[PDB]
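Novice: Take a look at this one; I'll ask things after.
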Amino acid sequence: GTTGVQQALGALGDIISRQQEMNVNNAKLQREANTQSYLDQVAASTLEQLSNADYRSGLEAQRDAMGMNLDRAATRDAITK
Amino acid sequence: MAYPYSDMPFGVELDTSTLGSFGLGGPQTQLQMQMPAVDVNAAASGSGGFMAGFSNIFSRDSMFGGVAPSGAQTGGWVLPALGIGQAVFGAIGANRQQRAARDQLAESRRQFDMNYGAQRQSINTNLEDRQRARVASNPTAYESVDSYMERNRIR
Amino acid sequence: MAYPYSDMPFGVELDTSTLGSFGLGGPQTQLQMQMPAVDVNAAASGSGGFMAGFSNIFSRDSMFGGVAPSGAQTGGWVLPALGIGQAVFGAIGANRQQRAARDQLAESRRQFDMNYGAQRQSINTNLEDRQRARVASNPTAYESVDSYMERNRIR
Amino acid sequence: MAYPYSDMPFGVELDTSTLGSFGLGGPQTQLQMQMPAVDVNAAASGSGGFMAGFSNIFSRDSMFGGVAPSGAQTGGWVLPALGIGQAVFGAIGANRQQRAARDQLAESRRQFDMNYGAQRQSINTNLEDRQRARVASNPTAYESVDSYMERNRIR
């Protein structure tokens, strides 16, 4: 009676581990989506707009609102490139 | 408590007994109670507030999960349900095995005690009928029945 | 000390006995105690200083953990709780098995000792009922009851 | 309800008995019913509305699956069917083993009880034929039959 409950607890506790791993994968994909979504905005802007130093101020202020949820190594120097 | 209801007598009846007895570790002590309502009426109306008659899922994506393109998958509740059932049935099996072992041991003890009782009664009968001759032949020169029955009598 | 309370008699009663007896390695020696207060009142008011009525987590992130984008995971307490329960129940099962083995050995002890006692009384009865004839036929030329009952009597 | 049919007497007859009895965990309590329809008629015509009558798949891809170029593979139902059969037969085997163990235990109990009954009858017979001489020789100076027959009678 008290010996089989260990397997019960293990089988109750492994499923949440699998759920956590799936959550990790989903979070990583969400971060990638955020990065690409930002990069599209700078990619779809005309040169005259990026030259003016009021459009780019807001454009890179939208980058400082998202924190580390947006890969900050492929979205820096994007405007210059 | 503002709403005592009637759980106090139930708790009093429960006392502090642990699992065992005869009903696979707790029999159906209580009595079957009729359904609160024939119609679902969306659970307990306002109190319930569920989607029993509103959800109507009927989709494999919820039972068995599903993955849209670009990853981002979701798991259904079928796997957790199977895991929970597995755990419960394993616990029930362990309890059943423990109960069977206890039974067997108690049964063997019962047989030994009953055999001893039968043999003891037979021995007492033999002693009584052997002492009958002594108390019937020469009562004056021999002891009485009470002395043998209270001094050389098998428990 | 400053606050002796009444733990000295409890410690005196405990003495230094180890696990065993009959209550799965220590029965309910003490008596049931009523709740200090019906209302939680945020634990023991100032003494408690907890968030029992303030936290109200009700959040899967606390029970089941959660991972924000860019890693930085946090684990819930459900897994530690399950591990602690597993450990406790395994220890309880081991104690139960040890107790069952001890009980079986004690039952065998009782079996054999009881059977020997029964046979002992039977043999002693046989000897003394045989000796009645010797001491009643020719008391002068034969020995007394005391000699046989103290020299060739069964222990 | 709207269509009560006749399930109520069946439910009453079932009562709340669990698995067991003699038919490998539930015998054929009901009887063999006749065929519902003479011809397939595409299941129950409009009521059925099935496609098995016109499916005629006869295709290995549906049974054992198949993969087109560039991945995009589909699995057939044969593997799930085999898994389901495996599970069902494992459960049946476990039930059979439990039933066999119960049988064996019941047989042992019957053996012991029946041996005790035979021995008790023999001992009672010995007793009444032994007391027959006592009650036939000197009835006045000895006891009556009933005294022993409900005082010194083996249960």
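Within each chain, counting starts at residue 1; across the structure tokens, chains are named A, B, ... in the order shown, with ligands numbered 1 upward in that order.
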Could you pull out all residues of chain A with a DSSP call of alpha helix (DSSP H) and give them as a ChimeraX atom specification?

Specialist: /A:5-43,47-51,55-65

Novice: I'd like the superposed copy of chain B - fitted to chain C by least squares over all paired Cα atoms - as a compact mmCIF listing (two decimals) with C-alpha atoms, in the first residue's frame.

Specialist:
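Listing of selection_26.txt after writing:
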```
# COMPACT_ATOMS: atom_id res chain seq x y z
CA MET B 1 15.32 29.01 30.59
CA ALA B 2 13.20 32.12 31.19
CA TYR B 3 10.14 30.50 29.54
CA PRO B 4 10.15 26.87 30.74
CA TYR B 5 6.53 26.34 29.57
CA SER B 6 5.60 22.65 30.21
CA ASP B 7 7.97 20.67 27.97
CA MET B 8 9.82 19.13 30.93
CA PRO B 9 7.08 16.58 31.78
CA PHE B 10 6.73 15.78 28.07
CA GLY B 11 10.45 15.06 27.82
CA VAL B 12 10.31 13.01 31.02
CA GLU B 13 7.47 10.92 29.57
CA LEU B 14 9.33 10.45 26.28
CA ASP B 15 12.44 9.11 28.09
CA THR B 16 14.68 7.47 25.42
CA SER B 17 12.44 4.85 23.79
CA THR B 18 13.10 4.28 20.09
CA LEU B 19 10.62 3.59 17.30
CA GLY B 20 8.42 0.52 17.66
CA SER B 21 5.53 -0.36 20.00
CA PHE B 22 2.33 -0.66 17.89
CA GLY B 23 1.48 2.71 16.29
CA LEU B 24 3.57 2.33 13.12
CA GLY B 25 6.64 3.21 15.16
CA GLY B 26 5.15 5.53 17.77
CA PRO B 27 1.40 5.80 18.43
CA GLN B 28 -0.65 8.90 19.24
CA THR B 29 0.65 9.15 22.80
CA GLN B 30 -0.62 12.72 23.19
CA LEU B 31 -4.24 13.91 22.93
CA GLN B 32 -5.94 15.97 20.24
CA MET B 33 -5.94 19.68 21.08
CA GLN B 34 -8.51 22.16 19.77
CA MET B 35 -7.69 24.84 17.23
CA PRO B 36 -5.97 27.93 18.71
CA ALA B 37 -8.33 30.27 16.84
CA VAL B 38 -11.29 29.87 14.49
CA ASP B 39 -10.33 32.88 12.36
CA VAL B 40 -6.92 32.90 10.67
CA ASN B 41 -6.39 36.60 11.48
CA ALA B 42 -3.23 36.54 9.34
CA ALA B 43 -1.51 33.72 11.25
CA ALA B 44 -0.64 34.79 14.84
CA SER B 45 -1.31 38.49 14.18
CA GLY B 46 2.01 40.30 14.71
CA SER B 47 3.80 37.12 15.77
CA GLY B 48 2.88 35.35 12.53
CA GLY B 49 3.40 38.11 9.98
CA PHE B 50 2.62 35.87 7.00
CA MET B 51 0.62 36.30 3.78
CA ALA B 52 -2.00 33.59 4.33
CA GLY B 53 -4.81 36.04 3.57
CA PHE B 54 -2.64 38.50 1.59
CA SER B 55 -0.74 36.44 -1.01
CA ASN B 56 -3.68 34.70 -2.71
CA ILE B 57 -1.35 33.37 -5.40
CA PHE B 58 -3.85 31.47 -7.59
CA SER B 59 -1.25 31.35 -10.37
CA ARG B 60 0.20 28.41 -12.27
CA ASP B 61 3.56 30.19 -12.42
CA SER B 62 4.19 29.45 -8.73
CA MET B 63 2.70 25.96 -8.48
CA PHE B 64 4.10 24.63 -11.77
CA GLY B 65 6.84 27.17 -12.50
CA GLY B 66 7.23 29.28 -15.60
CA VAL B 67 9.79 30.48 -18.14
CA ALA B 68 9.76 33.98 -19.59
CA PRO B 69 11.35 34.67 -22.99
CA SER B 70 15.14 34.77 -23.07
CA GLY B 71 15.38 31.88 -20.64
CA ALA B 72 15.61 32.76 -16.95
CA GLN B 73 13.14 30.15 -15.73
CA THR B 74 11.89 29.47 -12.21
CA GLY B 75 10.71 26.18 -10.72
CA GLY B 76 7.55 25.78 -8.68
CA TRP B 77 7.27 24.15 -5.28
CA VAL B 78 5.17 21.28 -6.64
CA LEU B 79 8.22 19.19 -7.57
CA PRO B 80 9.90 19.63 -4.16
CA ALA B 81 6.60 18.80 -2.47
CA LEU B 82 6.25 15.62 -4.52
CA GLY B 83 9.83 14.64 -3.72
CA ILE B 84 9.30 15.18 0.00
CA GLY B 85 6.11 13.13 -0.07
CA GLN B 86 7.89 10.37 -1.96
CA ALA B 87 10.67 10.23 0.63
CA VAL B 88 8.26 10.22 3.57
CA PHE B 89 6.08 7.48 2.11
CA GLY B 90 9.10 5.34 1.25
CA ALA B 91 10.33 5.61 4.84
CA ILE B 92 6.86 4.74 6.14
CA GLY B 93 6.76 1.67 3.90
CA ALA B 94 10.15 0.48 5.09
CA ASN B 95 9.06 0.91 8.71
CA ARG B 96 5.87 -1.02 7.97
CA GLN B 97 7.80 -3.92 6.45
CA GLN B 98 10.18 -4.09 9.41
CA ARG B 99 7.24 -4.03 11.82
CA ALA B 100 5.48 -6.81 9.91
CA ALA B 101 8.59 -9.00 10.01
CA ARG B 102 8.98 -8.45 13.75
CA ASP B 103 5.35 -9.26 14.25
CA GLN B 104 5.57 -12.50 12.34
CA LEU B 105 8.66 -13.62 14.27
CA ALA B 106 7.13 -12.77 17.64
CA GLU B 107 3.92 -14.54 16.66
CA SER B 108 5.77 -17.73 15.75
CA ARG B 109 7.68 -17.60 19.04
CA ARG B 110 4.36 -17.22 20.86
CA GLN B 111 2.88 -20.28 19.15
CA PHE B 112 5.92 -22.41 19.98
CA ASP B 113 5.94 -21.33 23.63
CA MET B 114 2.20 -21.91 24.01
CA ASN B 115 2.43 -25.37 22.42
CA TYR B 116 5.26 -26.26 24.80
CA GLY B 117 3.23 -25.02 27.76
CA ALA B 118 0.22 -27.12 26.81
CA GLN B 119 2.34 -30.23 26.26
CA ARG B 120 4.17 -29.63 29.54
CA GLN B 121 0.91 -29.36 31.48
CA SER B 122 -0.35 -32.54 29.83
CA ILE B 123 2.87 -34.40 30.68
CA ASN B 124 2.70 -33.20 34.28
CA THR B 125 -0.90 -34.39 34.55
CA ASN B 126 0.08 -37.79 33.15
CA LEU B 127 2.95 -38.11 35.63
CA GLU B 128 0.72 -37.05 38.53
CA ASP B 129 -1.99 -39.59 37.71
CA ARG B 130 0.61 -42.33 37.16
CA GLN B 131 2.24 -41.56 40.53
CA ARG B 132 -1.17 -41.54 42.23
CA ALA B 133 -1.33 -45.33 41.90
CA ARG B 134 2.15 -45.72 43.41
CA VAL B 135 1.33 -43.51 46.40
CA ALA B 136 -2.09 -45.15 46.88
CA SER B 137 -1.01 -48.80 46.66
CA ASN B 138 1.96 -49.12 49.07
CA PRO B 139 2.75 -45.70 50.59
CA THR B 140 5.23 -47.19 53.08
CA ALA B 141 7.36 -49.04 50.51
CA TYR B 142 7.16 -46.23 47.91
CA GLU B 143 8.04 -42.55 47.78
CA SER B 144 5.80 -39.57 48.50
CA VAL B 145 4.13 -37.17 46.08
CA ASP B 146 6.41 -34.27 47.06
CA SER B 147 9.58 -36.16 46.10
CA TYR B 148 8.33 -36.84 42.57
CA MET B 149 6.85 -33.35 42.25
CA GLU B 150 10.17 -31.74 43.25
CA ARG B 151 12.69 -34.17 41.68
CA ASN B 152 11.15 -35.67 38.51
CA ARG B 153 8.75 -32.85 37.60
CA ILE B 154 8.88 -31.18 34.19
CA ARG B 155 9.53 -27.44 34.35
```

Novice: To one decimal place, how far is atom CA of residue 38 of chain A from atom CA of residue 60 of chain A in Å?

Specialist: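 According to the coordinates, atom CA of residue 38 of chain A and atom CA of residue 60 of chain A are separated by 9.7 Å.
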
Novice: With a distance threshold of 9 Å and counting only C-alpha atoms, extract the residues of chain A near chain B and express them as number ranges by chain.

Specialist: A: 1-12, 15-16, 19, 22-23, 25-27, 29-30

Novice: Got time to write the residues from that selection, N, CA, C and O atoms, as a CSV table (one decimal), in the first residue's frame?

Specialist:
```csv
chain,number,residue,atom,x,y,z
A,1,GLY,N,0.8,-1.2,0.0
A,1,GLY,CA,0.0,0.0,0.0
A,1,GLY,C,0.8,1.3,0.0
A,1,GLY,O,0.5,2.2,-0.7
A,2,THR,N,1.9,1.2,0.7
A,2,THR,CA,2.8,2.4,0.8
A,2,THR,C,4.1,2.3,-0.1
A,2,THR,O,4.9,3.1,-0.1
A,3,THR,N,4.1,1.2,-0.9
A,3,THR,CA,5.3,1.0,-1.8
A,3,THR,C,5.0,1.5,-3.2
A,3,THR,O,5.9,2.0,-3.9
A,4,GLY,N,3.7,1.3,-3.7
A,4,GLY,CA,3.4,1.7,-5.0
A,4,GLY,C,3.1,3.2,-5.2
A,4,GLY,O,3.1,3.7,-6.3
A,5,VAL,N,3.0,3.9,-4.1
A,5,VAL,CA,2.7,5.4,-4.2
A,5,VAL,C,3.9,6.1,-4.7
A,5,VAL,O,3.7,7.2,-5.2
A,6,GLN,N,5.1,5.6,-4.5
A,6,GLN,CA,6.3,6.3,-5.1
A,6,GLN,C,6.2,6.3,-6.6
A,6,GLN,O,6.5,7.4,-7.2
A,7,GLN,N,5.8,5.2,-7.3
A,7,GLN,CA,5.6,5.3,-8.7
A,7,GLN,C,4.5,6.2,-9.1
A,7,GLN,O,4.6,6.9,-10.1
A,8,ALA,N,3.5,6.3,-8.3
A,8,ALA,CA,2.4,7.2,-8.5
A,8,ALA,C,2.9,8.7,-8.5
A,8,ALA,O,2.6,9.5,-9.4
A,9,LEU,N,3.7,9.0,-7.5
A,9,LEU,CA,4.2,10.4,-7.4
A,9,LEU,C,5.2,10.7,-8.6
A,9,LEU,O,5.2,11.8,-9.1
A,10,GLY,N,6.0,9.7,-8.9
A,10,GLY,CA,6.9,9.9,-10.1
A,10,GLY,C,6.1,10.1,-11.4
A,10,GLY,O,6.5,11.0,-12.2
A,11,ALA,N,5.1,9.4,-11.6
A,11,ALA,CA,4.3,9.5,-12.8
A,11,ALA,C,3.5,10.8,-12.8
A,11,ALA,O,3.1,11.3,-13.8
A,12,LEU,N,3.1,11.3,-11.6
A,12,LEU,CA,2.5,12.6,-11.5
A,12,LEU,C,3.5,13.7,-11.7
A,12,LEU,O,3.1,14.7,-12.3
A,15,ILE,N,5.2,14.5,-15.9
A,15,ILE,CA,4.4,15.2,-16.9
A,15,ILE,C,4.6,16.7,-16.8
A,15,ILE,O,4.6,17.4,-17.8
A,16,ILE,N,4.7,17.2,-15.6
A,16,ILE,CA,4.9,18.6,-15.4
A,16,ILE,C,6.3,19.0,-16.0
A,16,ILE,O,6.5,20.1,-16.5
A,19,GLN,N,5.9,19.3,-19.6
A,19,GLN,CA,5.2,20.5,-19.9
A,19,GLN,C,6.1,21.7,-19.8
A,19,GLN,O,6.1,22.6,-20.6
A,22,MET,N,8.3,21.9,-22.9
A,22,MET,CA,7.6,22.4,-24.0
A,22,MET,C,7.4,23.9,-23.9
A,22,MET,O,7.5,24.7,-24.9
A,23,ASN,N,7.2,24.4,-22.6
A,23,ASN,CA,7.1,25.8,-22.4
A,23,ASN,C,8.4,26.5,-22.8
A,23,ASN,O,8.3,27.7,-23.3
A,25,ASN,N,10.6,25.6,-25.0
A,25,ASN,CA,10.7,25.7,-26.5
A,25,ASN,C,9.8,26.8,-27.0
A,25,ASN,O,10.2,27.6,-27.9
A,26,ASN,N,8.5,26.9,-26.5
A,26,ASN,CA,7.6,27.9,-27.0
A,26,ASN,C,8.1,29.3,-26.7
A,26,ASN,O,8.0,30.2,-27.5
A,27,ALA,N,8.7,29.5,-25.5
A,27,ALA,CA,9.3,30.8,-25.2
A,27,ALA,C,10.4,31.2,-26.2
A,27,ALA,O,10.5,32.3,-26.6
A,29,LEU,N,10.8,30.2,-29.2
A,29,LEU,CA,10.2,30.6,-30.5
A,29,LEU,C,9.5,31.9,-30.5
A,29,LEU,O,9.6,32.7,-31.4
A,30,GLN,N,8.9,32.3,-29.3
A,30,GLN,CA,8.3,33.6,-29.2
A,30,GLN,C,9.3,34.7,-29.3
A,30,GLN,O,9.1,35.7,-29.9
```

Novice: Go ahead and compute the interatomic distance for atom CA of residue 28 of chain A and atom CA of residue 74 of chain A, in Å to one decimal.

Specialist: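 Separation between atom CA of residue 28 of chain A and atom CA of residue 74 of chain A: 15.5 Å.
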
Novice: For segment 56-59 of chain A, please output as a CSV table (one decimal) with C-alpha atoms, in the first residue's frame all residues within 12 Å (counting only C-alpha atoms; exclusion window: fewer than 2 positions along the same chain).

Specialist:
```csv
chain,number,residue,atom,x,y,z
A,38,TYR,CA,11.0,44.2,-35.1
A,39,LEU,CA,13.5,43.7,-38.0
A,40,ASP,CA,10.7,43.8,-40.5
A,41,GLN,CA,9.7,47.3,-39.5
A,42,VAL,CA,13.2,48.7,-40.1
A,43,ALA,CA,13.5,46.6,-43.3
A,44,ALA,CA,10.2,48.1,-44.7
A,45,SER,CA,11.2,51.8,-44.3
A,46,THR,CA,12.2,54.2,-47.1
A,47,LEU,CA,15.7,55.7,-47.0
A,48,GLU,CA,14.3,59.2,-46.6
A,49,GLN,CA,12.5,58.2,-43.4
A,50,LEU,CA,15.6,56.6,-41.8
A,51,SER,CA,17.6,59.7,-42.7
A,52,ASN,CA,15.3,61.9,-40.7
A,53,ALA,CA,16.2,61.9,-37.0
A,54,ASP,CA,12.7,61.7,-35.7
A,61,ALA,CA,12.5,53.5,-28.8
A,62,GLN,CA,10.2,50.6,-29.7
A,63,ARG,CA,13.4,48.5,-29.3
A,64,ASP,CA,14.1,49.8,-25.7
A,65,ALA,CA,10.5,48.9,-24.5
A,75,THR,CA,18.9,44.4,-34.0
A,76,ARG,CA,21.7,46.8,-33.3
A,77,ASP,CA,23.2,48.5,-36.3
A,78,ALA,CA,20.2,47.4,-38.3
A,79,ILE,CA,19.4,51.0,-39.3
A,80,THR,CA,22.9,51.7,-40.5
```

Novice: Report, in Å with one decimal, the straight-line distance from atom CA of residue 73 of chain A to atom CA of residue 55 of chain A.

Specialist: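 Computing the Euclidean distance for atom CA of residue 73 of chain A and atom CA of residue 55 of chain A yields 21.5 Å.
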
Novice: Just list the residues in chain B DSSP gives strand (DSSP E or B) on the backbone, as an MDAnalysis selection string.

Specialist: chainID B and resid 66:67 73:74

Novice: Deliver the residues from the most recent selection as a file, using C-alpha atoms, as a PDB file, in the first residue's frame.

Specialist:
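Final file, part_7.pdb:
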```
ATOM      1  CA  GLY B  66      -1.665  19.847 -32.028  1.00  0.00           C
ATOM      2  CA  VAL B  67       1.280  21.705 -33.564  1.00  0.00           C
ATOM      3  CA  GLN B  73       2.885  23.174 -30.046  1.00  0.00           C
ATOM      4  CA  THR B  74       0.342  22.483 -27.316  1.00  0.00           C
TER       5      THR B  74
END
```
